[PDB]
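Please read the structure below before turning to the comments.
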Amino acid sequence: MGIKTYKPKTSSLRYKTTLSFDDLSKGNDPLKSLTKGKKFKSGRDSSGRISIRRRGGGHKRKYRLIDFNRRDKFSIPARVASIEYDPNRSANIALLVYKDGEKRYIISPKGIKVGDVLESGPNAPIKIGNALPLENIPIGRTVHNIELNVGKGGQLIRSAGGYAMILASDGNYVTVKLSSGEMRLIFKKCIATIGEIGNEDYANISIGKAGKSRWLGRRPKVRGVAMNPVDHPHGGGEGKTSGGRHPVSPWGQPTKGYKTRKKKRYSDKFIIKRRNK
Amino acid sequence: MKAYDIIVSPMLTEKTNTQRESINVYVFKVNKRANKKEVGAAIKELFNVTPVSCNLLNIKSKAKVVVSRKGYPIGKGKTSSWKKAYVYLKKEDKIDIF
Amino acid sequence: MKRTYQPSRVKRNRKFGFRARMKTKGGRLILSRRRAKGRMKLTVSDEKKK
RNA sequence: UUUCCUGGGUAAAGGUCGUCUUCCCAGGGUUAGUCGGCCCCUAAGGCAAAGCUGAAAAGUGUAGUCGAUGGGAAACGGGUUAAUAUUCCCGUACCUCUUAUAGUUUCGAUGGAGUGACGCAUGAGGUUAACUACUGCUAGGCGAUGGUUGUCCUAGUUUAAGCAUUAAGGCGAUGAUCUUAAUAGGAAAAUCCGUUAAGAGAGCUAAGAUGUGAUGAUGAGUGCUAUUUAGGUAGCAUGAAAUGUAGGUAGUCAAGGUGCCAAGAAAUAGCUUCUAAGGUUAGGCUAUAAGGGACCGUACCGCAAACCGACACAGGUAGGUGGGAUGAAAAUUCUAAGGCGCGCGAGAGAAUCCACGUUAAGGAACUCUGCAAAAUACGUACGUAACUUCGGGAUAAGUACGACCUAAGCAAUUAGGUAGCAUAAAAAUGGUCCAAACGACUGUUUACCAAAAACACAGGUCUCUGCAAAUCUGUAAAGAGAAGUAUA
RNA sequence: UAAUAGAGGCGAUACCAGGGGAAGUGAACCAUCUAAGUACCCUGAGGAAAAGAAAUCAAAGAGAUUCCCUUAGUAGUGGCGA
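Just so you know, the protein sequences line up as chains X, W and E, in that order. full-length UniProt numbering puts the first sequence at residues 1 to 277. full-length UniProt numbering puts the second sequence at residues 1 to 98. full-length UniProt numbering puts the third sequence at residues 1 to 50.
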C-alpha cells in the first residue's frame with residue numbers, strides 16, 4: 001500500500017497525505033449492473049429531525065451492491081476480475097466473476113491479485129479469500145467478515161486492515177478475538193472469510209484541511225463550553241469556563257467513563273472477556 | 001351536442017373582413033365546449049362545405065370595476081369568456097350567409 | 001432588499017390549495033369555518049393561477 | 001392580468017401644468033402535429049391496500065401512484081397588420097399514426113437484458129457566425145473656408161432549416177459489429193449471459209466545408225404620387241452590387257485527449273433486443289399514394305411609472321445575445337445600433353448645511369488614534385535582508401526606461417534626430433518599513449449600533465459502543481446511526 | 001369475486017351520550033384544594049338524547065326513569081384554611 005506526501009506550496013498542504021492506489025486495478029468505473037445512484041444522508045430520519053448531529057454534504061457517490069453472504073454460491077469457483085475503489089466503505093472491493101456467469105462484489109482481502117480463483121463452502125481449500133463455516137477453519141488462522149446468524153451474512157469485522165483471531169472451539173461455539181479485543185463466542189455453523197482485509201494504510205492518513213473533512217461529509221463540531229446553558233449543560237462560558245460540572249453529553253448523560261451497555265442484555269452469555277481501555 | 005350548439009354566430013370586424021376578403025378565412029364565435037373536430041363537422045353540416053383546417057382561441061373575460069349608486073369602486077365584475085374559431089376553406093369554397 | 005413575499009405559484013397552490021386543505025382534518029375545519037362566516041373566497045384556488 | 005391597439009375624455013389619481021398618460025369610457029386584439037405544457041419517465045419528496053403500533057384523531061410502513069429544477073418523435077427563412085406569429089401567408093422540409101395496395105415472416109407483457117448513463121482540473125489542436133485589414137463591385141457625394149475626378153469621402157456588398165456529396169479530429173486492431181457450442185436465471189429464453197473455447201471480423205463517432213435550397217427572398221438605393229416644419233415620410237413600382245481573399249474570437253468537435261481523488265443521478269420512459277399465456281393477415285417490416293393532429297398557454301410589461309418593497313420608491317429580479325477604438329482582459333475612457341434627458345419650474349447668487357477642486361511657508365505642531373485626505377499605482381529590465389516549517393518572506397526594500405520621426409530589430413528593445421514644464425502625459429491601476437500582544441492559517445458569526453482576541457478548523461487525548469451496537473426522536477411501533485462494523 | 005342491505009359528508013359558532021382534559025384565578029405566597037369535569041379536542045347519534053320497571057330507597061312504608069318546588073346553605077366535608 002503506501003502514503004503519498006505533499007510539498008508545502010500552501011499553508012494547508014504542509015500536513016496533507018493521501019493513500020497511493022498502486023495496489024488497485026485502476027482506471028475503473030463500477031459494474032453498471034451492480035451500482036445505483038443514491039442521496040447523501042446527513043443524518044435526518046423519517047420524521048425529518050436530526051437524529052445524529054454533525055453529518056452533512058460530502059461528495060456525491062453511487063452505491064455498490066456488496067455481497068457479505070456467499071452461502072448460496074457454495075462449491076462454485078469464481079475468478080477475481082478487478083480490485084476497485086469503494087467510496088461507501090474504507091476497504092477495497094474485489095469483483096468476482098463466477099463460473100456460471102454471475103458477477104458479484106466482495107471485500108478485497110490483503111494480498112489477493114487479479115486472476116485468482118476463489119471458492120466458498122465446507123470443501124474449499126484453506127486459502128485467502130475462501131469462505132468457509134467456522135467448523136472447518138483450523139484454530140490459529142485469521143479470518144474476517146464473520147457471520148453472526150446463519151443466513152444473515154457477515155455482520156462482524158469488515159473495515160479496512162482488520163482481522164479476527166480464532167482461539168478455541170467447543171460444543172456449538174468457537175472463541176474468536178475481535179479487533180476491539182474482546183473474546184466472543186460464535187456459533188460454529190456461520191461462515192467467515194480467510195485472511196485479513198487489505199488497505200491497511202487507510203487510517204495512517206493525515207487529512208490536511210477542513211475542506212477535505214467537509215468532502216467526507218462531516219459538518220463542523222461545536223463544543224459544549226461554547227454554548228449557552230439553554231443549549232447544553234456545559235454552557236455559560238462567561239470567560240472560558242470548563243462546564244462547572246462533571247462532563248456530560250448534550251442530553252445530560254455522563255461521558256467520562258460511564259458504561260452505557262445494558263446491564264442484562266440477551267447476548268451476555270456469549271461474551272467471555274470484554275475489551276480493554 | 002348537435003352541430004347547432006357548436007356555432008354561435010359569426011364575427012363582423014375590420015380584421016375579419018380583410019382576412020375574409022384576402023385569404024378566404026371565416027371567423028365564428030363558437031361554444032366553449034367545442035373543439036377542432038366538431039367545429040369542422042358543424043361547418044360541414046351547416047354550410048355543406050368541408051374546411052381544410054380550423055384554429056381555436058380562448059378569449060379571457062374582460063374585467064370591469066363596479067361603482068356604487070353614488071359611484072366609487074366596490075368590487076370587480078367581469079364579462080363572459082368565449083371561444084373564437086378561424087375556419088379555412090378551399091380557394092373555390094365560399095359561405096353565402098354573410 | 002429581497003424580502004418576505006417571493007411569489008411562487010407551485011408553492012402557492014401546493015401549500016394553500018383546496019386539495020391541500022381537504023387533505024387533513026384541520027384544513028376541513030378551516031373550510032367549514034370560512035363557509036359559516038360566509039367568505040367570498042375560501043382558498044387561494046379562487047385566484048385562478050393554474 | 002388588459003395595463004396591449006384604435007377612437008374619445010380631463011370629476012379624481014400624476015407631488016406643477018396638460019389637449020398628455022400605465023388614469024377613465026367604448027370597441028378591437030392572443031390562430032401551433034414541430035415553441036412551452038398536456039402525455040410517456042423517474043430524483044428530492046408526498047400519499048399509501050396489506051402488515052405493525054396507538055384513548056380517539058392518527059403514527060410508521062411494503063406492493064403501487066403522483067411528483068421537474070432533469071431524461072423523451074418532429075421547422076426554418078422571409079413577408080404581412082393599428083395591434084398576433086418557429087402559430088397566418090409565401091418558399092422549402094420533417095416526425096408520428098389510421099386505412100388500402102404490393103413484396104412479405106415471425107409477431108405478442110405491467111417480465112428479462114443492453115443502451116439510456118453523466119465528476120473536477122487542465123492544456124494543445126481542428127473548424128467557425130460575429131468582427132477589421134485589403135482588392136474589386138454597386139449607390140450617393142466631389143463639399144458655402146486654403147487643398148480635394150482620386151488612389152478621394154460615406155454606405156451596402158445579405159440569405160436559414162432540410163437534403164445529397166465527403167470528413168478535420170477522436171475512439172479505434174489488447175477487438176465493434178457480428179457466426180456457433182455449452183448454460184445453476186428466476187416466467188424462460190435464438191437476447192443478456194461477455195462468463196469460455198474458436199477466428200472469422202475495423203469500423204464507429206464527428207464539428208465543419210461544397211452544391212442544392214435560392215432565376216426565390218432580402219436589399220444600401222433609385223425612380224411617380226401626395227404631403228411637408230423646405231428637412232424626410234406615407235404608399236406604389238423597381239433594384240444579386242463577392243454567396244472575394246487573409247486574420248480571428250464564443251461556440252462547437254468535446255459526455256474528446258491527458259492527469260487527479262473527494263470516486264462523481266434515476267427510469268418501468270425513449271432506442272434496441274428476448275420470449276410466456278398466446279397468435280400464424282393475427283401480425284410485424286420495407287416502401288407507396290390518400291388524411292388524422294389531441295387539449296391548454298400565446299396580447300402587453302418583464303433591470304421596471306405594469307414583478308417584489310403600503311408609492312409613478314436612489315432597493316431586489318434567473319438565463320441567452322455583449323458592436324468599434326484603447327488594452328492582457330467582460331478593466332478604464334469615448335462611441336455605433338438602440339433607448340433615454342430621472343413628471344415642479346424660473347430668477348438671484350447673502351450667511352449657512354452637505355459633497356468636491358486648488359494653494360504661499362512649515363509638514364502631524366491636529367487629534368482619544370495619521371480618522372479623513374494626500375501619496376504609492378502600469379509594462380519591461382536591474383537589484384532584493386533579518387528570519388524560516390526551506391515552501392516562503394517578495395511586487396521585500398531601492399532604482400532606471402516609456403512620447404514623435406527615421407534606422408536597425410522577428411518581436412521586446414537598441415541608436416540617432418525632433419518637441420514640451422510634464423512623454424505608464426487622460427481615466428483605471430500596491431504606500432512602505434521596524435517592533436509587540438492575541439489567534440496558526442483560508443473561512444464563520446450578533447438580518448437592523450459589537451466582524452473581533454469570539455466560533456470553526458486540520459492535529460491531540462480521554463471515554464463509550466460486538467450490531468435486534470452505543471446515541472437520538474416518540475406512550476409505542478418505527479426511523480436515523482447504516483444498506484455502516486472498532487483502521488467504524 | 002358474486003348477491004343485496006346500510007353507512008361515507010354537511011348542518012345547528014345550539015341541545016345529548018361517551019373518551020381525553022387544562023390554565024389565567026382564589027386560597028391575599030404556594031404545592032394539597034380551588035377554578036372544574038368548566039374551556040377545548042375527538043368519537044357517536046337523535047328529534048330529543050341519556051336514564052328507566054328495584055339484587056331500589058331508607059327507619060318511612062312507600063313502589064320505574066326524567067324535570068320543577070322544598071328539605072337546605074341543613075347533614076357532612078375541607079393545609080377542618082379558602
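Beta carbons are placed, not taken as given, at the ideal position from N, Cα and C, and that holds for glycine.
For residue i: DSSP bridge partner residues
i         : result
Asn55(W)  : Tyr86(W)
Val97(X)  : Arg79(X) and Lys103(X)
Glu84(X)  : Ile93(X)
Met183(X) : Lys177(X) and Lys273(X)
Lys70(W)  : None; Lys70(W) has no bridge partner.
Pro220(X) : In DSSP, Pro220(X) forms no bridge with anything.
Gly75(W)  : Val66(W)
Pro109(X) : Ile197(X)
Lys4(X)   : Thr18(X)
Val117(X) : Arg79(X)
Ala192(X) : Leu132(X)
For residue i, the nearest candidate out of the options (CA to CA)
i         : options                                       : result
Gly162(X) : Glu200(X), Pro125(X), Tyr173(X) and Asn172(X) : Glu200(X)
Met165(X) : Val114(X), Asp29(X) and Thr175(X)             : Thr175(X)
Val49(W)  : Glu14(W), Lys91(W) and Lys84(W)               : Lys91(W)
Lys189(X) : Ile146(X), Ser12(X) and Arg219(X)             : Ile146(X)
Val44(E)  : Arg28(E), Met1(E), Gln6(E) and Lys15(E)       : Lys15(E)
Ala78(X)  : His234(X), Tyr98(X) and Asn88(X)              : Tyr98(X)
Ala42(W)  : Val52(W), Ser61(W), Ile6(W) and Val27(W)      : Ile6(W)
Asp93(W)  : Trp82(W), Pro73(W) and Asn24(W)               : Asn24(W)
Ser20(X)  : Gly2(X), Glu238(X) and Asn28(X)               : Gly2(X)
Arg54(X)  : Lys177(X), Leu156(X) and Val222(X)            : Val222(X)
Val80(X)  : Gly56(X), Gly111(X) and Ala168(X)             : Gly111(X)
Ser180(X) : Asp170(X), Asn172(X), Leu156(X) and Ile194(X) : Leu156(X)
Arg71(X)  : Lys7(X), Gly57(X), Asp100(X) and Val150(X)    : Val150(X)
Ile197(X) : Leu13(X), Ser47(X) and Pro109(X)              : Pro109(X)
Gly244(X) : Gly235(X), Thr10(X) and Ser267(X)             : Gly235(X)
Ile50(X)  : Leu118(X), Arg219(X) and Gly195(X)            : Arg219(X)
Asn123(X) : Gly115(X), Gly129(X), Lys16(X) and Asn136(X)  : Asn136(X)
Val114(X) : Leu95(X), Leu148(X) and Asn28(X)              : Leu95(X)
Close-in-space but distant-in-sequence residues of the same chain around residue i (CB under 7 Å, 5 per side omitted)
i         : result
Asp67(X)  : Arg104, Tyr105 and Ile106
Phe270(X) : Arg184 and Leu185
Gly140(X) : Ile166
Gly37(X)  : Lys62
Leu134(X) : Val174, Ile186, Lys188, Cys190 and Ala192
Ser80(W)  : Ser61
N- and C-terminal bounds of the alpha helix (DSSP H) containing residue i
i         : result
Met22(E)  : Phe18 to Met22
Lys212(X) : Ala210 to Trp215
Own chain, CB closer than 8 Å to residue i, minus 5 neighbours either side, in chain order
i        : result
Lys49(E) : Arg9, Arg12 and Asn13
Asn88(X) : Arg61, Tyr63 and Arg64
Close-in-space but distant-in-sequence residues of the same chain around residue i (CB under 6 Å, 5 per side omitted)
i         : result
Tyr202(X) : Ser90 and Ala160
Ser75(X)  : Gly121
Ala131(X) : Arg70, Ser120, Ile191 and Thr193
Start-to-end residues for the beta strand (DSSP E) that takes in residue i
i         : result
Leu132(X) : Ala131 to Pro133
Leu31(E)  : Taken as a continuous stretch (DSSP letters only), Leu31(E) belongs to no beta strand (DSSP E), being part of the alpha helix (DSSP H) at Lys25 to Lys37.
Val143(X) : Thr142 to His144
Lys26(X)  : Segment: none, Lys26(X) is in no beta strand (DSSP E) and carries neither H nor E.
Any non-hydrogen atom of the ligand ATP closer than 7 Å to residue i Cβ
i         : result
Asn228(X) : Among the ligands in the structure shown, none appear at all, so the ligand ATP cannot be discussed.
Ignoring anything shorter than 3 residues or poking outside the segment 153-177 of chain X, list the beta strand (DSSP E) runs there in chain order.
164-170 and 173-177
In chain order, which alpha helix (DSSP H) runs of at least 4 residues are fully inside the segment 3-57 of chain W?
14-23 and 36-47
What beta strand (DSSP E) runs, 3 residues minimum, are completely inside the UniProt region "Disordered" (225-277) of chain X?
The UniProt region "Disordered" (225-277) of chain X is shown to contain whole beta strand (DSSP E) runs of 3 or more residues at 271-273, in chain order.
Secondary structure, beta strand (DSSP E): runs of 3+ residues fully inside the segment 32-69 of chain X:
35-37 and 62-64
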